[PDB]
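I have placed the structure first, in the form of structure tokens, so that the comments after it can refer back to it.
There are 6 protein chains.
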Amino acid sequence: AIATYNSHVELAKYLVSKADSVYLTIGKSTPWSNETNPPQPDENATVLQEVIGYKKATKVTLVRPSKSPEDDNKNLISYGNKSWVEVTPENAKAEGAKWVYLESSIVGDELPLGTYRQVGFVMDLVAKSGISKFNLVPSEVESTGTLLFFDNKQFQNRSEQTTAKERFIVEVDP
Amino acid sequence: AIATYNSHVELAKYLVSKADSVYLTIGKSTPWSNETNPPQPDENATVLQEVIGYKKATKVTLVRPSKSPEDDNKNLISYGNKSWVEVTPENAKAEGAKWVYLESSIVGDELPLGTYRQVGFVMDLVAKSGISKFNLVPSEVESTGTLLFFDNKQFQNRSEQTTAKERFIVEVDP
Amino acid sequence: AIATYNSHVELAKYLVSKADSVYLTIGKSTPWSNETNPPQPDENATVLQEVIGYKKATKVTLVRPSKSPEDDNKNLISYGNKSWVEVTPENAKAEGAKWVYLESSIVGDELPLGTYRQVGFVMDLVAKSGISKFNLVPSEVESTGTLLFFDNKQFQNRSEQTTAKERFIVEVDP
Amino acid sequence: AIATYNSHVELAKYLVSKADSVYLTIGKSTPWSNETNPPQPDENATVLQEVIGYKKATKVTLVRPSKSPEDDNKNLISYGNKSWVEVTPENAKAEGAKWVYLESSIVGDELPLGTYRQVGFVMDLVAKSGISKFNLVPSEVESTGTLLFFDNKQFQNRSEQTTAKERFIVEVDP
Amino acid sequence: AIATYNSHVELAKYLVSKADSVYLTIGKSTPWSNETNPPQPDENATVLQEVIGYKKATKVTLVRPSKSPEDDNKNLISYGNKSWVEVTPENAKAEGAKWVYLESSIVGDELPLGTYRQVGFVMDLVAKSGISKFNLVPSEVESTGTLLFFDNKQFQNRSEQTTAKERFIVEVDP
Amino acid sequence: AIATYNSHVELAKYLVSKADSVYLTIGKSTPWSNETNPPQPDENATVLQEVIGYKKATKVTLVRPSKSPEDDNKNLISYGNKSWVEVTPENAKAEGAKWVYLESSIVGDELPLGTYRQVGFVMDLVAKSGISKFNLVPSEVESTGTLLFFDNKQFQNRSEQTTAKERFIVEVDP
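Protein chains in written order, with the authors' numbering: chain E, 2 to 175; chain F, 2 to 175; chain C, 2 to 175; chain B, 2 to 175; chain D, 2 to 175; chain A, 2 to 175.
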């Protein structure tokens, strides 16, 4: 049996329904063996290496590729040299929206400073019961939930005055 | 000026840190005026009326209200037809745990039999220097310490076969 | 169940016992929405808005309201349109002293100059290693400890010439 | 002729097999004539005096006396100034489990308040059609079934905050 | 009949083969009747007293006493005033390796803090569903398995800053 | 069989009851072989070497180690790098008081002058007829009673102007 296009939309809708427990995570704060050729990500990982912390996602939405004149009146997202538009879950099937856009920003020392080479997003993260802030180090997390998507990148630095913005667009069934 | 939530946590943590000198106390062995409408407790009391004795507390711990799944596999307590989870002192602020759970049991005649209507807990109680047992009548106490919390209740009976378990959950500022 | 009067005394004593880690903190160096109607303070805050810095408390003591025949000769604190006298921890129960007086003064530019609208006291503050001065900006603090009490006020200015003195009298359960 | 030990085990197993229709019952809400030495229980009774109501059993299980360190990893029960451990029906003969443990708890006012001096357990109770709650006053019961075991005790009180946990360990032929 | 030396080797190999389900356990967090003379351990125990928790074993291996000149280029283990070397299962018969080395470490408050006096190792421990961590309190354990070896010792303390390392070397037929 | 703690209390009470016949004795008025390393005392001794004389005890009482909250305002004794509190015979068992404090002073020449190196206490001493004073040389003693406790010390000198104060704290079974 094959899965249908619209099963991929419904699964994308499901992840977007989890937005309020979705967090960016960053890690790998020491060098790779080859800093210019990061190893290929291993899908069996359940946590980033040398995990630094978590930051609640600022944006979790379905998207689709944009069409130029027609969609020029929407707020277009640029990503991967392509253009994308946001889609509501009510319109996901009609618009064919099987892509999920995920973003967060880490502002200065919201999380310990240093370099990072791994970027991911988790869902179902639960902070310890007395903590309401959106920036969490591992000791402030009650349950890290499920690591959903990640990438191995070349290092970026974070200092007292930097903002690190990270985002993915992903589909069910690549 | 106001007190913060976490000042209430730190004070609760202080009380729990006295656990080794915390004793249950019971008293009021004769009837109230109206046995089904006991008087409101007077915060200026420093001892229970007609004190019967003291029993070292079996449990003294921070707690917080428990929640679905996340707490299913923790140390749970049922009290007031609600569920509570124990919290260690090192995690007090992280968990929001500003409630103290106090529990003791009086087994049979380890204190004199009869009815009782007042229940409380003390701290800094010191037995006479030669006495090590956990069940003390007034004459075996060198210093009763400080009566911290108490309640005026309808009577319960204590007979040779009875075990009386008394439990409080308190916070510094309800 | 109720707390007794003397439990409030013992908790006040515990706060006074932390005096060596108690610091005044000030903040909110930009205007309130309504400069003459500051918002009610949020008990869940763990830090002042726009924190300016910290200054070690100069006085931390138990107090009680003065009486005219008795305390006639001893050192008399005026506060809240009322008169108060200091009480030692050993005398606290006899005197009914469940109030804590906290004071500090910030002299001139030992913290960055400007206006401030929030006043607080913290305990368990730890300066970064190798700093022993009593005046700390946030970047010189290793751990801010626990913000215990604070208030939102109308603005006051601080200049190179001024000394800002701030005092609270608080009880554990009003 | 005599009954064997293992006939007593098979009869205890039969009683336990009836667990889903077993209820605690409490009675005797006014004083005994002889309150210091209540009457011996009358085996011909078929209801408790002044019956207050019925509460579905929370536990109905075979047990046997516990031994020393050997049983300390198991599901222990303290009763009669002895220790006991639960036994499954399949292991009953091997373990000599001819004792039945019966327990229920009455929380606060789910049954009319007052004192009680008789404790019993019935089987084959049937509530009136449409009633599914586990707490039943006599007017809610279609058939009281059979009163199996009971005892005449010193009075105990029940008020809105009382939980009365009543338990027997019984065998068929003491 | 007598057991052979190599039957002991094969039984030691069997226990080492269970490494992945072997956990250190610590308990007895209140004093012995005599703190300087612990009771002799009871072979019939199945669980420690006052269980604190479990920590997956960090090393489980066969060993034998070291021979003075020929082993001297190996990594030697020091235990019980003697020297020992590790032996792989395939070499166990040739080297006579009938001893089992068990070790684990408890880091800080990964189990509740306090004192402990009992040390042991269990096999076949099973954590409750969904729990993957190596540090488990009893509420987190589905099945504690079989306590294999243990000892009663004088108390040791555990604090937030410290690590507790415990190891045994045991033979099957001592 | 073992003696109990409280048997040691009762035996201390007995020794204290003999106070009116208790005398300090001093002896060994010539050097030890090594004046900085006296020989260990022999429990089979029945009199001091080179006995100088006897002086009625000026204080004989039960004592116990002092503990701060209780005893900060009791009558305390300093001895052996510790602080001690006096206990009365009717409170011995409640206070755990199994230690005996024994004291006397020899004022100048009321015993012959010179050095001494052994110190002890006797009971049941009887002076010769017609001697009522409290300072006795051996020729004034009709019965020396029983030497109870003694020690071999480094030498001290006694002159017309000195007072020699000597005291012990002892228990029956150290």
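From the three backbone atoms N, C-alpha and C, an ideal C-beta is built for every residue, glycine too.
Item	Value
CB contact below 7 Å: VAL127 of chain E versus chain F	yes
Rounded straight-line distance, which links the Cα of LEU49 of chain F to that of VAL17 of chain F	22 Å
Interface partners of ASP43 of chain B on chain D, CB under 9 Å	Chain D residues near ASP43 of chain B: none, gap ~44 Å exceeds 9 Å.
Residue of B:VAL64, B:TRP33 and B:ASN92 minimising C-alpha distance to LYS83 of chain B	B:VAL64
C-beta neighbour in chain D for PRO70 of chain B, strict 7 Å	yes
Chain F contacts made by the region 78-110 of chain A, where a contact means CB separation under 7 Å	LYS94, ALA95, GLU96 and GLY97
Chain-ordered chain B contacts of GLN50 of chain F [CB-CB under 9 Å]	The premise fails here: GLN50 of chain F is roughly 18 Å from chain B at the closest Cβ pair, so nothing lies under 9 Å.
Cβ pair count under 8 Å reaching 3, the region 25-43 of chain F against the region 134-142 of chain E	no
Beta carbon of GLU167 of chain B nearer than 7 Å to that of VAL120 of chain B	yes
Span of the alpha helix (DSSP H), counted from its first residue to its last, around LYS14 of chain E	6-18
Whether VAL127 of chain C touches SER144 of chain C by CB criterion (7 Å)	yes
Exposure of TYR15 of chain A, with buried meaning 16 or more beta-carbon neighbours within 10 Å	exposed
Beta bridge counterpart(s) of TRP85 of chain F as assigned by DSSP	F:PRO66 and F:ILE78
Sub-7 Å separation of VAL108 of chain E and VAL171 of chain E beta-carbons	no
For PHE169 of chain C, the nearest candidate out of C:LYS129, C:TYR80, C:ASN38 and C:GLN41 (CA to CA)	C:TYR80
Inter-residue Cα distance where the pair is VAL61 of chain E and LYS56 of chain C	43 Å
Same chain, Cβ closer than 6 Å to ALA165 of chain F, five either side skipped, listed in chain order	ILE107 and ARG159
Chain D contact for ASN74 of chain B (CB, 7 Å cutoff)	yes
Pairwise C-alpha distance: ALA4 of chain D and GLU11 of chain B	43 Å
Beta carbon proximity, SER34 of chain B to chain F, threshold 7 Å	no
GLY131 of chain F at chain A interface by Cβ criterion, 7 Å	yes
Proximal chain B residues relative to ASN7 of chain F, where beta-carbon distance stays under 8 Å	Neighbours of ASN7 of chain F on chain B: none; closest Cβ ~31 Å, over 8 Å.
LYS94 of chain A: first and last residue of the uninterrupted alpha helix (DSSP H) it sits in	93-96
Any chain B beta carbon closer than 7 Å to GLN157 of chain F	yes
Short-range partners of chain F found in the region 132-148 of chain E, where Cβ spacing is below 7 Å	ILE132, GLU141, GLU143 and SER144
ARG65 of chain F: contacting residues in chain E (beta-carbon distance under 9 Å)	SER130 and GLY131
Contact check, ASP174 of chain C vs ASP72 of chain F, beta carbons under 7 Å	no
Residues of its chain near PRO42 of chain E, where Cβ-Cβ distance is below 7 Å and the 5 sequence neighbours each way are ignored	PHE151, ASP152 and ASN153
Residue environment, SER8 of chain D, which counts as buried when at least 16 other CB atoms sit within 10 Å	exposed
Beta carbon of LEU112 of chain A nearer than 7 Å to that of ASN136 of chain A	yes
Extent of the continuous beta strand (DSSP E) run through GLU167 of chain A	164-172
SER22 of chain F beta carbon less than 7 Å from that of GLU96 of chain A	no
Opening and closing residue of the beta strand (DSSP E) in which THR26 of chain E lies	24-28
Beta-carbon spacing of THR59 of chain B, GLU91 of chain B below 7 Å	no
Contacts that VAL171 of chain C makes with chain F (C-beta to C-beta distance below 9 Å)	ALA2, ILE3 and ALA4
Beta-bridge partners of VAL108 of chain B, as assigned by DSSP	B:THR164
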